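Engineer: When you line the sequence shown up against PDB author numbering, it's residues -2 to 81, in that order.
Think of the CB as a built atom: it goes at the ideal place given N, C-alpha and C, for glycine as much as any other residue.
This structure is in structure tokens; I'll ask about it shortly.
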Amino acid sequence: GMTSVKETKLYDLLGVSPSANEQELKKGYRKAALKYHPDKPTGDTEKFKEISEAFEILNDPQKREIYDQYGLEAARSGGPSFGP
């Protein structure tokens, strides 16, 4: 895909590189899931879900763009949902 995003963290959340292929995503996902697994004492469930969400944002041109423009918080919210 096109890396039209602000941060390449989306790839880091999948444990893959910008030009990663499907095989990379699968193996990286297991690595990332092993990294942000809720078994970790901090209990990062949001980060575990963020793994999939990152790919979903990266795989979706709408949220991909929103990520570039505003960032992850906006992209994951489906837009600049930042009220006063």
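Around the Cβ of residue 79, are there at least 16 other Cβ atoms within 10 angstroms (buried) or fewer (exposed)?
Structural biologist: Exposed is the call here.
Engineer: Just to confirm, are residue 26 and residue 7 a CB contact at a threshold of 9 Å?
Structural biologist: No, the Cβ-Cβ distance between residue 26 and residue 7 is not below 9 Å.
Engineer: By DSSP, does residue 45 sit in helix, in strand, or in coil?
Structural biologist: The answer is helix: DSSP assigns residue 45 an H, G or I state.
Engineer: Please list, in chain order, all residues of the same chain as residue 45 whose beta carbon is under 8 Å from its beta carbon, the five residues on each side excluded.
Structural biologist: The residues are 30, 33, 34 and 35.
Engineer: Just to confirm, are residue 69 and residue 61 a CB contact at a threshold of 9 Å?
Structural biologist: Contact: no.
Engineer: Please report how far the alpha carbon of residue 76 lies from the alpha carbon of residue 38, in whole angstroms.
Structural biologist: Distance between the alpha carbons of residue 76 and residue 38: 32 Å.
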